[PDB]
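Residues per chain, in single letters:
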Amino acid sequence: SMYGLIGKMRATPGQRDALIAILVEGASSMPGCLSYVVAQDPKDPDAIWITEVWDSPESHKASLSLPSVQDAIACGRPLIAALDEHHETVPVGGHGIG
Amino acid sequence: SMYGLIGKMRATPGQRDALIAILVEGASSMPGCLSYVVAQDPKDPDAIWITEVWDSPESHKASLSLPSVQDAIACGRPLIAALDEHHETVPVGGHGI
């Protein structure tokens with residue numbers, strides 16, 4: 001049973017791109033991650049959409065033991081103004097995620 | 001640019017699984033699709049989340065126009081109680097797609 005997340009963040013003014021770079025870097029080679037997508041929002045220059053698919057909720061929890069994940073949080077937190085949305089989902093079908 | 005969609009809908013009561021089947025069948029092998037994910041919501045047994053990543057908005061439009069995609073939309077309609085959220089996004093980076 002897979003595990004999904006859908007989140008919307010707002011960066012502090014002018015920091016969207018720096019935060020996006022931190023997220024993308026931080027998300028490489030996390031065991032059990034099937035997809036991780038960071039997106040801008042055309043309607044809001046400060047917003048970031050993050051969508052994630054994991055093989056299990058266990059893999060997502062375990063990912064916090066990764067030094068690179070910890071660094072991304074350390075470096076990223078100062079740039080976060082808000083987390084407006086955060087939805088846990090159960091992916092059941094689809095394409096193009098291996 | 002890449003083009004993303006994040007959508008939430010609710011099926012008519014009890015019809016989530018049948019609607020999900022239609023969505024997953026409908027979205028088969030469309031060209032320029034990098035990611036397509038259909039998901040349940042543990043807090044609402046009728047809810048469905050859809051996320052999509054395309055290599056361009058043009059590829060999205062080209063695939064959306066395939067008769068089989070349109071057929072899926074048509075077959076799905078009676079099973080849809082409501083379309084709740086629909087966000088267009090600009091994916092810029094990530095992994096596994």
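Residues numbered from 1 in each chain as written, not as in the entry; some residues may be left out. Chains lettered and ligands numbered in written order. Heavy atoms only, no water.

Caption draft 1: Representation of the overall build of chain B in the model. Within chain B, the regular secondary structure consists of 3 helices and 4 strands. Considering only C-alpha atoms, chain B reaches an extent of 40 × 30 × 20 Å along its principal axes. Buried positions account for 46% of the 97 residues belonging to chain B. Relative to all contacts within chain B whose residues are 6 or more apart in sequence, the contacts with residues 24 or more apart total 72%. For chain B, the exposed area adds up to about 4800 Å²; of that, 57% sits on carbon and sulfur atoms. (Helix = DSSP H or I, 4+ residues; strand = E, 2+ residues; numbered from the N terminus. Buried < 20%, exposed > 50% of the residue type's maximum accessible area, 1.4 Å probe, protein only. Contact = heavy atoms within 4.5 Å. Areas by Shrake-Rupley, 256 points an atom, 1.4 Å probe, with all protein chains shown as cover.)

Caption draft 2: Layout of the packing of aromatic side chains. Applying the stated rule across the entire model yields 0 aromatic pairs over all chains. The residue whose ring lies beneath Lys-61 of chain A is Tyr-3 of chain A, and the NZ or CZ to ring-centre distance is 6.0 Å. (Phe/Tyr/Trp six-rings, centres within 6.5 Å; stacked < 30°, edge-to-face > 60°. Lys NZ or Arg CZ within 6 Å of the ring centre and 35° of its normal.)

Caption draft 3: Structural detail: the pairing of strand β1 (residues 3-11) of chain B. All names here are of chain B. Most of β1 sits inside the fold, with 8 of its 9 residues counted as buried. In terms of strand pairing, β1 meets strand β3 (residues 44-54) through 8 bridges, oriented antiparallel. Pairing of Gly-7 across the sheet is with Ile-50, part of β3. By the bridge criterion, 8 bridges tie β1 to strand β4 (residues 80-95) in an arrangement that is antiparallel. Considered in β4, the bridge of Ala-11 is made with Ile-80. (Pairing = 2+ DSSP bridges.)

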